[PDB]
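Quick heads-up: it's one chain on its own, the form deposited in one PDB entry, in structure tokens.
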């Protein structure tokens, strides 16, 4: 049985790493059928991928470049795809009975929409977009309880590492984002590793004046998130939701070599970790082969050559985004939504030289303080409406706080 996969956001970083490892793995033996590709706007790139991979379905979000895609594709001999457009095309792909697994490599809040529909169709969802879990974790949980045969399999590297450390006999008794996942897998505690980002050695005074150029010189948004360690704060909430680990049992550790990707402490106090070169091919591949593994031709890890690994605790004073993520997660309710939203705005303000480093945490903290816990709707549709309303409110609030001071 080949593995029938759709790639959503095929032309981006995650998407192109997915097709890479699929390509290489297929050269060893033909295991993967790429059944569908979906992008926003990159019509020429999508064309090139369709030419190589010959998928049954092509979809582009933006209506404006639909006709252009149809024209380009006719150049391809012996190939009659179903060529689609927009949300409707995304839903048609998700409901195909010939597709088993969907890689969600669509960034930002937009990525939740396809994630939702992939679950609704009881697919395996290889989810890279941590913001969907941070903004909508409780909703995704409820949804995964309606759609019992759907599964989220984590792609974010640290989360993939945690998942790889587990015994699948116990994993198969539950699934990601389920209450009691950690209890069933006998997990006590998580070490969430971090690169620490480019500002890891700067003083408070140096940080006061750092700029986005300093942080940038991956995509801009996750790069800024890595500089402030808000990425890791988002990943702490992601860990809580994915594995049902309490916040007091998630420890961020700075591992600048980026060889140990994260570690899992069980109840006996034994720790199991996943290691490799920094790499998104293995996380992606595992999400598509779980619960099995297949041969690759990747470079073997040469531990003697690596020689030295280092670990240290991040300073919360230098990286206050971490503290804010814990605070929001511990509060629960819609605070993680608010955190994610306000960080989207502040990240962009910093990227564009409108605010300073410590203003990022300042704005986020102020939005969080202004929010009030809301009765969580038991209706799935109403709940999604609440998440959207709170998201838009928090972004607006972030922007207001910025413009007040400015």
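Positions refer to the first chain, counted from 1. Here the rigid core means the biggest group of C-alpha atoms that line up within 1.5 Å when the two forms are laid on top of each other.
Below, we refer to the form deposited in another entry, which is not included among the displayed structures.
- Shift analysis on the rigid core between this form and the one not shown singles out 209 from 296, 209, 310, 315 (C-alpha displacement of 2 Å or more).
- Taking 2 Å as the criterion, residue 17 does not count as shifted between this form and the one not shown: its C-alpha moves by less than this amount when the rigid core is aligned.
- After superposing the rigid core, the Cα of residue 41 is displaced by less than 2 Å between this form and the one not shown.
- For residue 356, the Cα coordinates differ by 2 angstroms or more between this form and the one not shown after the core has been superposed.
- In that other deposited form, the CA atoms of residue 118 and residue 379 draw together by 3 angstroms or more relative to this form.
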